[PDB]
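Here's work-v2.txt, which has compact mmCIF, N, CA and C atoms:
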```txt
# COMPACT_ATOMS: atom_id res chain seq x y z
N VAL W 401 158.76 125.14 5.90
CA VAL W 401 159.94 125.24 6.74
C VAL W 401 159.89 126.58 7.47
N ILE W 402 160.16 126.56 8.77
CA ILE W 402 160.23 127.76 9.58
C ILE W 402 161.44 127.65 10.50
N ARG W 403 161.74 128.75 11.18
CA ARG W 403 162.85 128.82 12.12
C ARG W 403 162.31 128.82 13.54
N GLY W 404 163.06 128.17 14.44
CA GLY W 404 162.63 128.09 15.83
C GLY W 404 162.34 129.45 16.44
N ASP W 405 163.17 130.44 16.11
CA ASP W 405 162.85 131.81 16.46
C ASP W 405 161.57 132.23 15.75
N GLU W 406 160.50 132.40 16.52
CA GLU W 406 159.13 132.71 16.11
C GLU W 406 158.43 131.50 15.49
N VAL W 407 158.95 130.28 15.68
CA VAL W 407 158.23 129.09 15.23
C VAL W 407 156.96 128.89 16.04
N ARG W 408 156.91 129.44 17.25
CA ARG W 408 155.73 129.31 18.09
C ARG W 408 154.56 130.13 17.57
N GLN W 409 154.79 131.01 16.60
CA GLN W 409 153.75 131.89 16.08
C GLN W 409 152.67 131.15 15.30
N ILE W 410 152.88 129.89 14.93
CA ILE W 410 151.88 129.17 14.15
C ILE W 410 150.83 128.66 15.12
N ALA W 411 149.86 129.51 15.43
CA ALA W 411 148.89 129.26 16.48
C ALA W 411 147.82 130.34 16.41
N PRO W 412 146.59 130.03 16.83
CA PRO W 412 145.52 131.02 16.77
C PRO W 412 145.84 132.24 17.61
N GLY W 413 145.46 133.41 17.10
CA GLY W 413 145.60 134.65 17.85
C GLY W 413 147.02 135.01 18.21
N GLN W 414 147.96 134.82 17.30
CA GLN W 414 149.34 135.22 17.50
C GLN W 414 149.68 136.37 16.56
N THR W 415 150.69 137.15 16.93
CA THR W 415 151.13 138.28 16.13
C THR W 415 152.59 138.09 15.73
N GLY W 416 153.00 138.83 14.71
CA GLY W 416 154.37 138.79 14.26
C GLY W 416 154.50 138.73 12.75
N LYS W 417 155.74 138.72 12.26
CA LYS W 417 155.96 138.71 10.82
C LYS W 417 155.28 137.51 10.17
N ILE W 418 155.51 136.31 10.70
CA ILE W 418 154.95 135.11 10.09
C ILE W 418 153.43 135.14 10.14
N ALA W 419 152.86 135.39 11.32
CA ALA W 419 151.41 135.29 11.48
C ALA W 419 150.68 136.43 10.79
N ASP W 420 151.37 137.51 10.46
CA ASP W 420 150.69 138.68 9.91
C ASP W 420 150.98 138.91 8.43
N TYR W 421 152.03 138.29 7.88
CA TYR W 421 152.35 138.46 6.47
C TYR W 421 152.52 137.16 5.71
N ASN W 422 152.70 136.03 6.38
CA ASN W 422 153.03 134.80 5.69
C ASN W 422 151.94 133.74 5.82
N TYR W 423 151.56 133.39 7.04
CA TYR W 423 150.62 132.30 7.26
C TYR W 423 149.82 132.60 8.52
N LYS W 424 148.52 132.82 8.35
CA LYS W 424 147.64 133.18 9.45
C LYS W 424 146.58 132.11 9.63
N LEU W 425 146.40 131.70 10.82
CA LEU W 425 145.45 130.69 11.28
C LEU W 425 144.18 131.36 11.79
N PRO W 426 143.02 130.77 11.51
CA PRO W 426 141.77 131.34 12.03
C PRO W 426 141.65 131.11 13.53
N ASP W 427 140.77 131.91 14.15
CA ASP W 427 140.65 131.89 15.60
C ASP W 427 140.01 130.60 16.10
N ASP W 428 139.15 129.97 15.30
CA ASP W 428 138.46 128.75 15.69
C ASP W 428 139.05 127.50 15.04
N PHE W 429 140.36 127.51 14.78
CA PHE W 429 141.01 126.38 14.13
C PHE W 429 140.80 125.12 14.97
N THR W 430 140.55 124.00 14.30
CA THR W 430 140.42 122.70 14.95
C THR W 430 141.38 121.73 14.28
N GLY W 431 142.41 121.32 15.01
CA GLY W 431 143.45 120.47 14.46
C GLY W 431 144.73 120.63 15.24
N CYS W 432 145.78 119.96 14.78
CA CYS W 432 147.01 119.85 15.54
C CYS W 432 148.17 120.41 14.73
N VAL W 433 149.15 120.98 15.42
CA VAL W 433 150.35 121.53 14.79
C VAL W 433 151.54 120.66 15.18
N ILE W 434 152.36 120.31 14.20
CA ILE W 434 153.48 119.39 14.39
C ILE W 434 154.75 120.05 13.87
N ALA W 435 155.85 119.87 14.61
CA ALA W 435 157.13 120.43 14.21
C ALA W 435 158.25 119.51 14.66
N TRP W 436 159.38 119.58 13.96
CA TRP W 436 160.57 118.85 14.36
C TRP W 436 161.79 119.55 13.79
N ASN W 437 162.90 119.45 14.52
CA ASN W 437 164.16 120.01 14.05
C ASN W 437 164.62 119.26 12.81
N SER W 438 165.06 120.01 11.80
CA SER W 438 165.59 119.43 10.57
C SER W 438 166.98 119.98 10.27
N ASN W 439 167.84 120.07 11.28
CA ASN W 439 169.21 120.52 11.04
C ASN W 439 169.95 119.56 10.13
N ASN W 440 169.83 118.25 10.37
CA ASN W 440 170.56 117.26 9.60
C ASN W 440 170.19 117.27 8.12
N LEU W 441 169.01 117.76 7.77
CA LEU W 441 168.56 117.79 6.38
C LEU W 441 168.66 119.16 5.74
N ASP W 442 168.35 120.22 6.47
CA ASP W 442 168.27 121.57 5.91
C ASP W 442 169.43 122.47 6.31
N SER W 443 170.42 121.95 7.03
CA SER W 443 171.56 122.77 7.45
C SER W 443 172.70 121.89 7.95
N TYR W 449 170.73 129.60 2.50
CA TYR W 449 169.88 130.71 2.08
C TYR W 449 168.87 130.26 1.03
N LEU C 948 98.45 157.17 42.12
CA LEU C 948 98.77 157.42 40.72
C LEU C 948 100.19 157.91 40.52
N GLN C 949 100.68 158.77 41.42
CA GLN C 949 102.05 159.26 41.28
C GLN C 949 103.06 158.15 41.44
N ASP C 950 102.73 157.11 42.21
CA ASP C 950 103.69 156.04 42.45
C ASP C 950 103.93 155.20 41.21
N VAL C 951 102.92 155.04 40.35
CA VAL C 951 103.14 154.30 39.11
C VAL C 951 104.15 155.02 38.24
N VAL C 952 103.98 156.33 38.06
CA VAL C 952 104.93 157.11 37.29
C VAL C 952 106.31 157.04 37.92
N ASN C 953 106.38 157.20 39.24
CA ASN C 953 107.67 157.18 39.92
C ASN C 953 108.37 155.84 39.75
N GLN C 954 107.63 154.74 39.91
CA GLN C 954 108.24 153.42 39.82
C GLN C 954 108.70 153.11 38.41
N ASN C 955 107.89 153.46 37.40
CA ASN C 955 108.33 153.22 36.03
C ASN C 955 109.56 154.04 35.70
N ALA C 956 109.56 155.32 36.06
CA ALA C 956 110.73 156.15 35.78
C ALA C 956 111.96 155.62 36.49
N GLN C 957 111.80 155.17 37.73
CA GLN C 957 112.94 154.67 38.49
C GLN C 957 113.49 153.38 37.91
N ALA C 958 112.61 152.44 37.55
CA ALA C 958 113.08 151.20 36.95
C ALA C 958 113.80 151.48 35.64
N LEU C 959 113.27 152.41 34.85
CA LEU C 959 113.89 152.71 33.57
C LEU C 959 115.25 153.38 33.76
N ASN C 960 115.34 154.28 34.74
CA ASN C 960 116.61 154.92 35.06
C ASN C 960 117.64 153.91 35.54
N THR C 961 117.22 152.95 36.36
CA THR C 961 118.14 151.89 36.77
C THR C 961 118.61 151.08 35.57
N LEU C 962 117.68 150.78 34.66
CA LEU C 962 118.04 149.99 33.49
C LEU C 962 119.10 150.69 32.65
N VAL C 963 118.96 152.00 32.45
CA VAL C 963 119.98 152.71 31.68
C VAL C 963 121.27 152.86 32.49
N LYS C 964 121.16 153.06 33.80
CA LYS C 964 122.36 153.25 34.60
C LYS C 964 123.19 151.98 34.67
N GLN C 965 122.58 150.83 34.38
CA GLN C 965 123.36 149.60 34.38
C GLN C 965 124.39 149.55 33.27
N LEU C 966 124.31 150.45 32.29
CA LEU C 966 125.27 150.44 31.20
C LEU C 966 126.63 150.97 31.62
N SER C 967 126.73 151.58 32.80
CA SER C 967 128.01 152.07 33.29
C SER C 967 128.78 151.03 34.09
N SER C 968 128.24 149.83 34.27
CA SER C 968 128.90 148.81 35.06
C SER C 968 129.82 147.97 34.19
N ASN C 969 130.98 147.62 34.74
CA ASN C 969 131.98 146.91 33.97
C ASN C 969 131.78 145.40 33.98
N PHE C 970 131.21 144.86 35.06
CA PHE C 970 131.00 143.42 35.23
C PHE C 970 132.30 142.63 35.15
N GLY C 971 133.43 143.30 35.37
CA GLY C 971 134.73 142.66 35.34
C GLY C 971 135.51 142.93 34.08
N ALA C 972 134.87 143.52 33.08
CA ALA C 972 135.59 143.97 31.91
C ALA C 972 136.58 145.06 32.29
N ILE C 973 137.68 145.11 31.53
CA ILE C 973 138.69 146.13 31.74
C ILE C 973 138.08 147.52 31.71
N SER C 974 137.00 147.69 30.95
CA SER C 974 136.33 148.97 30.81
C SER C 974 134.91 148.71 30.34
N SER C 975 134.01 149.63 30.68
CA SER C 975 132.61 149.45 30.33
C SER C 975 132.28 149.92 28.92
N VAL C 976 133.21 150.59 28.25
CA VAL C 976 132.97 151.10 26.90
C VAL C 976 133.41 150.05 25.89
N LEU C 977 132.44 149.55 25.13
CA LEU C 977 132.71 148.47 24.19
C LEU C 977 133.76 148.88 23.17
N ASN C 978 133.62 150.08 22.61
CA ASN C 978 134.59 150.54 21.62
C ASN C 978 135.96 150.75 22.24
N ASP C 979 136.02 151.21 23.50
CA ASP C 979 137.31 151.38 24.14
C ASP C 979 138.02 150.05 24.32
N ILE C 980 137.31 149.02 24.80
CA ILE C 980 137.97 147.74 25.00
C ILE C 980 138.32 147.10 23.65
N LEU C 981 137.44 147.26 22.66
CA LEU C 981 137.69 146.65 21.36
C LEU C 981 138.84 147.33 20.63
N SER C 982 139.06 148.62 20.90
CA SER C 982 140.05 149.39 20.17
C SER C 982 141.48 149.10 20.60
N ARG C 983 141.69 148.50 21.77
CA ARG C 983 143.04 148.26 22.25
C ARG C 983 143.34 146.80 22.57
N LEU C 984 142.37 145.90 22.43
CA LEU C 984 142.55 144.50 22.78
C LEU C 984 142.29 143.59 21.59
N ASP C 985 143.19 142.63 21.39
CA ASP C 985 143.12 141.77 20.22
C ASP C 985 141.88 140.87 20.30
N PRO C 986 141.28 140.55 19.16
CA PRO C 986 139.97 139.88 19.15
C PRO C 986 139.93 138.59 19.96
N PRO C 987 140.96 137.72 19.90
CA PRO C 987 140.84 136.43 20.61
C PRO C 987 140.58 136.55 22.10
N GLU C 988 140.92 137.67 22.72
CA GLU C 988 140.63 137.91 24.13
C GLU C 988 139.68 139.08 24.38
N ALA C 989 139.54 139.98 23.41
CA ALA C 989 138.45 140.95 23.48
C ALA C 989 137.10 140.25 23.45
N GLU C 990 137.02 139.09 22.80
CA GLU C 990 135.81 138.28 22.91
C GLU C 990 135.52 137.89 24.35
N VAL C 991 136.55 137.43 25.07
CA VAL C 991 136.37 137.06 26.47
C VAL C 991 135.91 138.26 27.28
N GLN C 992 136.54 139.42 27.05
CA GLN C 992 136.15 140.62 27.79
C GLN C 992 134.71 141.03 27.50
N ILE C 993 134.31 140.98 26.22
CA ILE C 993 133.00 141.48 25.83
C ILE C 993 131.90 140.53 26.27
N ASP C 994 132.23 139.24 26.43
CA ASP C 994 131.22 138.28 26.86
C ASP C 994 130.68 138.60 28.25
N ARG C 995 131.55 139.00 29.18
CA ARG C 995 131.10 139.37 30.52
C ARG C 995 130.07 140.49 30.45
N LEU C 996 130.36 141.52 29.66
CA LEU C 996 129.47 142.66 29.55
C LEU C 996 128.15 142.27 28.92
```
Rewritten as structure tokens:
Amino acid sequence: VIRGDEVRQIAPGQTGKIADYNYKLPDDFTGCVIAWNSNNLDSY
Amino acid sequence: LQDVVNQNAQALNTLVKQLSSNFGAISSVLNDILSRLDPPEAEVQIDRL
């Protein structure tokens, strides 16, 4: 689960709290990233 | 005989002087470009050189 604010960081060669301390993707990643709003299910 | 020495020295001098050319890189110094540019695009810059 991530927040739309900085949700775009899940991508090769990105910087930020998520990409630098939580989940970092390699530069030559091959595959697809999928996301969807989950307000109805998830909304500390 | 002097022309052989002159031509070899000149070709060699041109070969070393080519290291000052940027070829479109932000800068011709590999360490300078690598020290301030993130790898995913420093690769693009260094490839030209």
In Å, how far is it from atom N of residue W:405 to atom CA of residue C:983?
27.6 Å
Separating atom CA of residue C:970 from atom C of residue C:995, to the nearest tenth of an Å, is a gap of 5.7 Å
Residues within 7 Å of residue C:996, please, as a list in words. Count only C-alpha atoms; anything in the same chain fewer than 3 positions from it doesn't count.
residues 969, 970, 972 and 993 of chain C
Leaving out stretch 425-439 of chain W and any residue of its chain fewer than 5 positions from it, which residues lie within 6 Å of it when counting only N, CA and C atoms, given as a list in words?
residues 411, 412 and 413 of chain W
Write a file of the just-selected residues containing N, CA and C atoms, as a JSON list (two decimals), in the frame of the given file.
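Result file out.json:
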```json
[["chain", "number", "residue", "atom", "x", "y", "z"],
["W", 411, "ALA", "N", 149.86, 129.51, 15.43],
["W", 411, "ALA", "CA", 148.89, 129.26, 16.48],
["W", 411, "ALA", "C", 147.82, 130.34, 16.41],
["W", 412, "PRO", "N", 146.59, 130.03, 16.83],
["W", 412, "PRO", "CA", 145.52, 131.02, 16.77],
["W", 412, "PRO", "C", 145.84, 132.24, 17.61],
["W", 413, "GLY", "N", 145.46, 133.41, 17.10],
["W", 413, "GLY", "CA", 145.60, 134.65, 17.85],
["W", 413, "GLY", "C", 147.02, 135.01, 18.21]]
```
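Atom CA of residue C:949 to atom C of residue C:965 spans 25.6 Å [interatomic distance, one decimal].
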Show me which bits of chain C are within 12 Å of chain W, counting only C-alpha atoms, as an MDAnalysis selection string.
chainID C and resid 984:990
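Assigned to alpha helix (DSSP H) in chain W, given DSSP computed from backbone atoms, are residues 417, 439, 440, 441 and 442 of chain W.
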As a PDB file, in the frame of the given file, please: stretch 420-435 of chain W completed to N, CA, C and O atoms.
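Final output, saved to out33.pdb:
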```
ATOM      1  N   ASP W 420     151.370 137.510  10.460  1.00  0.00           N
ATOM      2  CA  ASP W 420     150.690 138.680   9.910  1.00  0.00           C
ATOM      3  C   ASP W 420     150.980 138.910   8.430  1.00  0.00           C
ATOM      4  O   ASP W 420     150.247 139.659   7.779  1.00  0.00           O
ATOM      5  N   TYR W 421     152.030 138.290   7.880  1.00  0.00           N
ATOM      6  CA  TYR W 421     152.350 138.460   6.470  1.00  0.00           C
ATOM      7  C   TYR W 421     152.520 137.160   5.710  1.00  0.00           C
ATOM      8  O   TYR W 421     152.485 137.194   4.472  1.00  0.00           O
ATOM      9  N   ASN W 422     152.700 136.030   6.380  1.00  0.00           N
ATOM     10  CA  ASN W 422     153.030 134.800   5.690  1.00  0.00           C
ATOM     11  C   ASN W 422     151.940 133.740   5.820  1.00  0.00           C
ATOM     12  O   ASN W 422     151.450 133.237   4.804  1.00  0.00           O
ATOM     13  N   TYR W 423     151.560 133.390   7.040  1.00  0.00           N
ATOM     14  CA  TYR W 423     150.620 132.300   7.260  1.00  0.00           C
ATOM     15  C   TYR W 423     149.820 132.600   8.520  1.00  0.00           C
ATOM     16  O   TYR W 423     150.378 132.612   9.620  1.00  0.00           O
ATOM     17  N   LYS W 424     148.520 132.820   8.350  1.00  0.00           N
ATOM     18  CA  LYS W 424     147.640 133.180   9.450  1.00  0.00           C
ATOM     19  C   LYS W 424     146.580 132.110   9.630  1.00  0.00           C
ATOM     20  O   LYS W 424     145.951 131.685   8.658  1.00  0.00           O
ATOM     21  N   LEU W 425     146.400 131.700  10.820  1.00  0.00           N
ATOM     22  CA  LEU W 425     145.450 130.690  11.280  1.00  0.00           C
ATOM     23  C   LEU W 425     144.180 131.360  11.790  1.00  0.00           C
ATOM     24  O   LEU W 425     144.234 132.406  12.437  1.00  0.00           O
ATOM     25  N   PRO W 426     143.020 130.770  11.510  1.00  0.00           N
ATOM     26  CA  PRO W 426     141.770 131.340  12.030  1.00  0.00           C
ATOM     27  C   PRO W 426     141.650 131.110  13.530  1.00  0.00           C
ATOM     28  O   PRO W 426     142.316 130.262  14.122  1.00  0.00           O
ATOM     29  N   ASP W 427     140.770 131.910  14.150  1.00  0.00           N
ATOM     30  CA  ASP W 427     140.650 131.890  15.600  1.00  0.00           C
ATOM     31  C   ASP W 427     140.010 130.600  16.100  1.00  0.00           C
ATOM     32  O   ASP W 427     140.292 130.166  17.227  1.00  0.00           O
ATOM     33  N   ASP W 428     139.150 129.970  15.300  1.00  0.00           N
ATOM     34  CA  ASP W 428     138.460 128.750  15.690  1.00  0.00           C
ATOM     35  C   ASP W 428     139.050 127.500  15.040  1.00  0.00           C
ATOM     36  O   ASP W 428     138.329 126.540  14.770  1.00  0.00           O
ATOM     37  N   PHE W 429     140.360 127.510  14.780  1.00  0.00           N
ATOM     38  CA  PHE W 429     141.010 126.380  14.130  1.00  0.00           C
ATOM     39  C   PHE W 429     140.800 125.120  14.970  1.00  0.00           C
ATOM     40  O   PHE W 429     140.841 125.172  16.206  1.00  0.00           O
ATOM     41  N   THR W 430     140.550 124.000  14.300  1.00  0.00           N
ATOM     42  CA  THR W 430     140.420 122.700  14.950  1.00  0.00           C
ATOM     43  C   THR W 430     141.380 121.730  14.280  1.00  0.00           C
ATOM     44  O   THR W 430     141.210 121.370  13.108  1.00  0.00           O
ATOM     45  N   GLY W 431     142.410 121.320  15.010  1.00  0.00           N
ATOM     46  CA  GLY W 431     143.450 120.470  14.460  1.00  0.00           C
ATOM     47  C   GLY W 431     144.730 120.630  15.240  1.00  0.00           C
ATOM     48  O   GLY W 431     144.778 121.370  16.226  1.00  0.00           O
ATOM     49  N   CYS W 432     145.780 119.960  14.780  1.00  0.00           N
ATOM     50  CA  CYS W 432     147.010 119.850  15.540  1.00  0.00           C
ATOM     51  C   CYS W 432     148.170 120.410  14.730  1.00  0.00           C
ATOM     52  O   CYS W 432     148.184 120.323  13.496  1.00  0.00           O
ATOM     53  N   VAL W 433     149.150 120.980  15.420  1.00  0.00           N
ATOM     54  CA  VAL W 433     150.350 121.530  14.790  1.00  0.00           C
ATOM     55  C   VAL W 433     151.540 120.660  15.180  1.00  0.00           C
ATOM     56  O   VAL W 433     151.696 120.304  16.355  1.00  0.00           O
ATOM     57  N   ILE W 434     152.360 120.310  14.200  1.00  0.00           N
ATOM     58  CA  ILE W 434     153.480 119.390  14.390  1.00  0.00           C
ATOM     59  C   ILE W 434     154.750 120.050  13.870  1.00  0.00           C
ATOM     60  O   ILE W 434     154.739 120.712  12.829  1.00  0.00           O
ATOM     61  N   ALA W 435     155.850 119.870  14.610  1.00  0.00           N
ATOM     62  CA  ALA W 435     157.130 120.430  14.210  1.00  0.00           C
ATOM     63  C   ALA W 435     158.250 119.510  14.660  1.00  0.00           C
ATOM     64  O   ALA W 435     158.097 118.751  15.621  1.00  0.00           O
TER      65      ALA W 435
END
```
